[PDB]
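S.K.: No sequence on hand, only this structure:
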Ligand SMILES: *[C@@H]1O[C@H](CO)[C@@H](O[C@@H]2O[C@H](CO)[C@@H](O[C@H]3O[C@H](CO)[C@@H](O)[C@H](O)[C@@H]3O)[C@H](O)[C@H]2NC(C)=O)[C@H](O)[C@H]1NC(C)=O
Ligand SMILES: *[C@@H]1O[C@H](CO)[C@@H](O[C@@H]2O[C@H](CO)[C@@H](O[C@H]3O[C@H](CO)[C@@H](O)[C@H](O)[C@@H]3O)[C@H](O)[C@H]2NC(C)=O)[C@H](O)[C@H]1NC(C)=O
Ligand SMILES: *[C@@H]1O[C@H](CO)[C@@H](O[C@@H]2O[C@H](CO)[C@@H](O[C@H]3O[C@H](CO)[C@@H](O)[C@H](O)[C@@H]3O)[C@H](O)[C@H]2NC(C)=O)[C@H](O)[C@H]1NC(C)=O
Ligand SMILES: *[C@@H]1O[C@H](CO[C@@H]2O[C@@H](C)[C@@H](O)[C@@H](O)[C@@H]2O)[C@@H](O[C@@H]2O[C@H](CO)[C@@H](O)[C@H](O)[C@H]2NC(C)=O)[C@H](O)[C@H]1NC(C)=O
Ligand SMILES: *[C@@H]1O[C@H](CO[C@@H]2O[C@@H](C)[C@@H](O)[C@@H](O)[C@@H]2O)[C@@H](O[C@@H]2O[C@H](CO)[C@@H](O)[C@H](O)[C@H]2NC(C)=O)[C@H](O)[C@H]1NC(C)=O
Ligand SMILES: *[C@@H]1O[C@H](CO)[C@@H](O[C@@H]2O[C@H](CO)[C@@H](O)[C@H](O)[C@H]2NC(C)=O)[C@H](O)[C@H]1NC(C)=O
Ligand SMILES: *[C@@H]1O[C@H](CO)[C@@H](O[C@@H]2O[C@H](CO)[C@@H](O)[C@H](O)[C@H]2NC(C)=O)[C@H](O)[C@H]1NC(C)=O
Ligand SMILES: *[C@@H]1O[C@H](CO)[C@@H](O)[C@H](O)[C@H]1NC(C)=O
Ligand SMILES: *[C@@H]1O[C@H](CO)[C@@H](O)[C@H](O)[C@H]1NC(C)=O
Ligand SMILES: *[C@@H]1O[C@H](CO)[C@@H](O)[C@H](O)[C@H]1NC(C)=O
Ligand SMILES: *[C@@H]1O[C@H](CO)[C@@H](O)[C@H](O)[C@H]1NC(C)=O
């Protein structure tokens, strides 16, 4: 019975409002409803030792990498900034 | 801040509709809000008049809009039907009939006049009562 | 909006003329007169790029624009909250003026003039959009940076990156399995690295639009669906209301703002 | 009146701006410092590579600098755009505040 | 206490209603002089 169907998407149920130069609508009853809203506040912290990752536990690899300048310390600084910003986000949102 | 620490007038920000209050609840790596919104449910058609003439002077609803159920004119809040008797302490005078478009005729009850009417009858009767002595 | 509204057959707006912004039945696409200027103003290639068509096409996007416009002009701001409740347009301004702290009596006492003033003002943007060329820079920019990136991205295919040619087939045509191994190895790095930069370039700009869309959505929910007391958030001046109007890869508002004219000094206590 | 004295008494009042200028300053020094890194070649001096090796293979070692020194430049600008967007988010926030 | 306050009368809309009845009451007692 069930099968794959493709169709022009419905933008919604059409509703022609009863507009007139003297026709007004006023609500007689209400519904105090509640809706949920979801927002990420922080991601998992992560610190990746550049040398332990790319030249993990290898003195020769670390020595060869040291020729590559300050790349690894740049990445470490960036990730420490990410972690401190995660704490900053949580602190700012929940420390009002 | 604008939903929890207070009420926000920003429509469609703290939930869908007129916002009332928001209850935060923690979550893993996130937050989840519970926006309490006021959503009108039952509506009805009505006859409206931009303004009201009383004695050539025009009248406008201080708070709410002029509404009529077909026979009698009333004023009610725009977001909830609570018709009120059109009274002077419910409206303010401005201009006259010749300017307002769509204005209609109906008398506006000054609350002071009927109150003093009882005093008028007491005043009139005492003058008749003062004839005997 | 969860209910696609349609414009009423009558145009009894008490002198207000919305002909430009309502969709024109003459055009097969149900778009309005204003975006005709805007739309005019603004398949896999062998290179490997593609273009994915938007899920919401121009017609349906324009249909959404009509719906958002219908509730504002007929139901006021109410249809943002719940069910749409019709209120004739005259008393709509009577409360928007009440929003700015101006008594509603002024509107009825000045209904025809402001209606003529509003329609004349609506006429101004019609010529202003047509007469000016750089007024639509933002949309034209976003298209341009996206366009020039691909052109730059494609042009990268002709850079040798240190290889003896930029035709990967030619490298296979003239070197054997092992010699061409070196050249292709160098060649792919540059192709990958250039693609790396392009994708990273794409994300940053995409994040900017995401903020813009979030800014647009907030403007959609605040400027249009209601009256925003946030000064100079919705047009320069005291806010009354606004109209969305679709455009290629963008949105355009029409803020209707109240601004005081000539003034008089006075002595106060 | 307390704002003037309190601002002039503590040194942590302007942490945000001092951090902003530091980050843009610190990144520039790293960009400059990377010029002195060999990046796996024989020497980090651009002229010295030319003055010690014949042109048959001197292009090979300097090629590593080209891949290298550019790579740091690519990272620096990438850091800049990440910071450029962040400031505009603050600037747009400041725009609304103003 | 107000700095910059000036002088003016504050009109009472209650007065004309009482002024109307005060003047109207005057002739009613005048008429009662006839008997
Ligand atoms: C529109 O609203 C009017 C005001 O609420 C309403 O008028 C009121 O109608 C009721 C009856 O429905 C009257 O109640 C009277 O009913 C009998 C009728 O003979 C009297 O003997 C009673 O003593 C009682 O007073 C109200 O007096 C009357 N009020 C006014 C101010 O007119 C209309 O009926 C409503 N019309 C519709 C169509 O909804
Ligand atoms: C609201 O009430 C007004 C007064 O109660 C009413 O105006 C009145 O209209 C009648 C009908 O024309 C006038 O009567 C005379 O009008 C002209 C002279 O202007 C004569 O040629 C006619 O034959 C007739 O005798 C009243 O003079 C006039 N009174 C006032 C104060 O304007 C409005 O028409 C009513 N409007 C609505 C919408 O109900
Ligand atoms: C607004 O009008 C008020 C009523 O006239 C006025 O108050 C009156 O001020 C005068 C003089 O300023 C006082 O007259 C007394 O002033 C001193 C003592 O204070 C004496 O040297 C005088 O001979 C005289 O006794 C009135 O007593 C005083 N009356 C009241 C009821 O306050 C205000 O000053 C006026 N306001 C302004 C801004 O001018
Ligand atoms: C309020 O009334 C409108 C229509 O006005 C009515 O017109 C006559 C039928 C008569 O009854 C008048 O006294 C009324 O004022 C309603 O709009 C209609 O809604 C129905 C949906 O059931 C729709 O099929 C019609 O096309 C609409 N007509 C028009 C002209 O728009 C409106 O629904 C009424 N309000 C409520 C809450 O029901
Ligand atoms: C309202 O008035 C001010 C100044 O008050 C005037 O001062 C005297 C000359 C006297 O005539 C008062 O009754 C006046 O009200 C105006 O400020 C002046 O503006 C003119 C520009 O036309 C300028 O050349 C002057 O330098 C201004 N005055 C000062 C002291 O700088 C103000 O413009 C008036 N408002 C309007 C709308 O005209
Ligand atoms: C407004 O709506 C509410 C619920 O939608 C109505 O409350 C119900 O009223 C009926 C009879 O009036 C009761 O039998 C139900 O038990 C009520 N519900 C609840 C949850 O208590 C309310 O009556 C409506 N008011 C008007 C004026 O229409
Ligand atoms: C709203 O304004 C438009 C623009 O002027 C009006 O359209 C014009 O109507 C006149 C009337 O004869 C024509 O001569 C013009 O050619 C129309 N303009 C165009 C571009 O075709 C429209 O009629 C107005 N509508 C209302 C209700 O006022
Ligand atoms: C509303 O419009 C109808 C026809 O379009 C007209 O007969 C009626 O008089 C109008 N009402 C007002 C108050 O202008
Ligand atoms: C009339 O006046 C007398 C005294 O003046 C008083 O005792 C009596 O109650 C009054 N009666 C009425 C009906 O006013
Ligand atoms: C306002 O300033 C003038 C000086 O130009 C001064 O004479 C006047 O007293 C001041 N107003 C008040 C209420 O003190
Ligand atoms: C006094 O009032 C009577 C009515 O009760 C009236 O007929 C008479 O003319 C009045 N007297 C005067 C002097 O106006």
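M.R.: That came through fine. Numbering: from 1, shown residues only, chains lettered A, B, ... in the order given. Ligands and ions are numbered 1, 2, ... in the order given.
S.K.: Spatially, which residue comes closest to residue 50, not counting chain neighbours?
M.R.: I'll assume chain A. With CB to CB, 6 or more residues apart in numbering or on different chains as the criterion, residue A:50 has its nearest non-adjacent residue at 3.1 Å, and that residue is residue A:72. Yep, even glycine has a C-beta here, placed from its N, CA and C like the rest.
S.K.: wrong one, I was asking about chain C
M.R.: Excluding the flanking residues, the one nearest residue C:50 by CB to CB, 6+ apart is residue C:44, at 4.9 Å.
S.K.: And the residue nearest to residue A:50, its phi and psi?
M.R.: The phi and psi values for residue A:72, taken as degrees, to the nearest 10, are phi -70, psi -40.
S.K.: how many other residues sit next to residue 61?
M.R.: I went with chain A, as the question did not name one. Counted with other CB atoms under 10 Å in any protein chain shown, the neighbours of residue A:61 add up to 13.
S.K.: try chain B instead
M.R.: Using other CB under 10 Å, residue B:61 is surrounded by 25 other residues.
S.K.: Look up the residues forming beta bridges with it.
M.R.: residue B:91 (DSSP bridges).
S.K.: From residue C:100, how far out is it?
M.R.: Note on residue B:61: its distance to residue C:100, by CB to CB, to the nearest Å, is 17 Å.
S.K.: Tell me the secondary structure at the residue nearest to residue C:50.
M.R.: Counting by DSSP: H, G, I helix; E, B strand; the rest coil, the backbone at residue C:44 sits in coil.
S.K.: is it true that it touches residue C:52?
M.R.: No - at 10.7 Å, residue C:44 does not count as touching residue C:52 under the criterion of CB atoms under 8 Å.
S.K.: the more surrounded of those two?
M.R.: Taking neighbours as other CB under 10 Å, residue C:44 and residue C:52 compare with residue C:44 leading, 8 against 5.
S.K.: Please determine how far the residue nearest to residue A:50 is located from ligand 1.
M.R.: In this view, residue A:72 and ligand 1 are 81 Å apart by CB to the nearest ligand atom, to the nearest Å.
S.K.: count of residues packed around that residue?
M.R.: Neighbours around residue A:72, by other CB under 10 Å: 20.
S.K.: Repeat that for residue C:146.
M.R.: Counted by other CB under 10 Å, the residues lying close to residue C:146 total 15.
S.K.: Secondary structure element for the nearest residue to it once chain neighbours are set aside, which one?
M.R.: Closest residue to residue C:146 apart from its sequence neighbours, by CB to CB, 6+ apart: residue C:205 at 7.6 Å. Element membership for residue C:205, per DSSP states H and E: helix C:179-219.
S.K.: is the very next helix or strand once past that helix up against chain B anywhere?
M.R.: Following helix C:179-219 in sequence order, the next helix or strand is strand C:238-241 (DSSP H and E). No - using CB under 8 Å from any CB of the partner chain, strand C:238-241 stays clear of chain B, coming no nearer than 11.8 Å.
S.K.: which ones are touching the closest residue in space to residue B:89 that isn't next to it in sequence?
M.R.: In this structure, residue B:89 finds its nearest non-sequential neighbour in residue B:111, 6.1 Å apart by CB to CB, 6+ apart. Contacts for residue B:111 (CB atoms under 8 Å, 6 or more residues apart in numbering or on different chains) come out as B:87-89.
S.K.: Ranking by neighbours, what's the top pick from these?
M.R.: Comparing those by number of neighbours (other CB under 10 Å), residue B:88 comes first, having 15 neighbours.
S.K.: what number of residues lie near the residue in chain A positioned nearest to ligand 4?
M.R.: Per CB to the nearest ligand atom, residue A:18 is where chain A lies closest to ligand 4, at 3.2 Å. Using other CB under 10 Å, residue A:18 has 14 neighbouring residues.
S.K.: Which of the three states applies to it?
M.R.: Of the three states, residue A:18 takes coil according to three-state DSSP.
S.K.: Ok, residue A:27 next?
M.R.: strand.
S.K.: if I've got this straight, residue C:121 is in a helix?
M.R.: Yes - counting by three-state DSSP, residue C:121 is found in a helix.
S.K.: ok, now how distant is it from residue C:99?
M.R.: Noted for residue C:121: a distance of 19 Å to residue C:99, by CB to CB.
S.K.: Same check on residue B:71?
M.R.: 32 Å.
S.K.: So between the two, which is more surrounded?
M.R.: Between residue B:71 and residue C:99, counted using other CB under 10 Å, residue C:99 has the larger neighbour count: 18 against 6.
S.K.: residues in contact with that one?
M.R.: Taking CB under 8 Å, 6+ apart, we find residue C:99 in contact with C:227, C:229, C:240.
S.K.: And for residue C:233?
M.R.: Counting by CB under 8 Å, 6+ apart, residue C:233 makes contact with C:219, C:222-223, C:239, D:96.
S.K.: let's see 7 Å
M.R.: Residue C:233 makes contact with residue D:96, according to CB atoms under 7 Å, 6 or more residues apart in numbering or on different chains.
S.K.: show me the contacts for the residue nearest to the spatial centre of chain A.
M.R.: Geometric centre of chain A, nearest residue: residue A:40, 5.6 Å, by CA atoms, centre = their mean. Applying CB under 7 Å, 6+ apart to residue A:40 gives the contacts B:29-30.
S.K.: And for residue 24, the neighbour number?
M.R.: Chain wasn't specified; assuming chain A. 21.
S.K.: other chain: chain C
M.R.: Residue C:24: 13 neighbours (other CB under 10 Å).
S.K.: surely it meets residue C:30?
M.R.: No - Residue C:24 is not in contact with residue C:30 according to CB atoms under 7 Å; the separation is 8.1 Å.
S.K.: Distance of residue B:117 relative to residue B:54?
M.R.: Where residue B:54 is concerned, residue B:117 sits at a distance of 18 Å (CB to CB).
S.K.: Next: residue A:87.
M.R.: Remark: distance between residue A:87 and residue B:54 (CB to CB) = 67 Å.
S.K.: Comparing those two, which residue is more hemmed in?
M.R.: The residue with more neighbours, out of residue A:87 and residue B:54, is residue B:54; 18 against 11, by other CB under 10 Å.
S.K.: ok, the residue in the stretch 101-250 of chain C positioned nearest to ligand 9 - contacts?
M.R.: Of all residues in the stretch 101-250 of chain C, the one sitting closest to ligand 9 is residue C:105 (46.7 Å; CB to the nearest ligand atom). Applying CB under 7 Å, 6+ apart, we find residue C:105 in contact with B:60, B:94-95.
S.K.: give me that answer again for 6 Å
M.R.: Contacts for residue C:105 (CB atoms under 6 Å, 6 or more residues apart in numbering or on different chains) come out as B:60, B:94.
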